[PDB]
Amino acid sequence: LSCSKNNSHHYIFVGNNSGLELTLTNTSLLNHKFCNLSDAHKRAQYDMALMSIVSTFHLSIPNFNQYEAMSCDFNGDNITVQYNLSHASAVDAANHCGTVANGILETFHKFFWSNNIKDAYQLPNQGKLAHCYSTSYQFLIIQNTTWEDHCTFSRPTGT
């Protein structure tokens, strides 16, 4: 379940009956390291998902040429994105500051959706103060799912 006491979670409405469930968790959903966006249609569903999060959360992601370890999978049109977060220490957070995952951590922290996030490091970048968040959560999961089902993980791939 996304809505478990050992998790932290939030739902974003994006469509008419669609949205994104965001879950900080220690349960891995995707146990492969790849994210196959060879399909231009899948590339488009991936970009739209990340775009909805950035715009809904008014994120400004600093450009540190950094990257969050990540995999994805599709169940029909439903996307699953998993980040394997490198945010355990203040220095890990700093080295993973310019990522969408960090901006999501920033948002969970800002709105008290988790007690397990710290603003661990700040640094000037292009005239703005970037904040880099540490968390003990190992994974951040993004799934396209409905409000009615947002508390239950969807199956990452079909059968």
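Just count from 1 along the sequence shown to find any residue number.
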Practice task
Take the C-alpha B-factors listed in the entry for 33 to 41 and for 86 to 94, compute each mean, and give the stretch with the larger one.
Solution key: 33 to 41
Fill in the blank from the handout: With B-factors read from the PDB entry, the higher C-alpha mean of 52 to 60 and 97 to 105 is in 52 to 60
Practice task
Compare the CA B factors listed in the entry for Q122, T27, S134, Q66 and report the winner.
Solution key: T27
Exercise for the section: Looking at the entry's B-factor column for C-alpha atoms only, identify whether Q143 ranks in the lowest, middle or highest third of its chain. Expected result: lowest
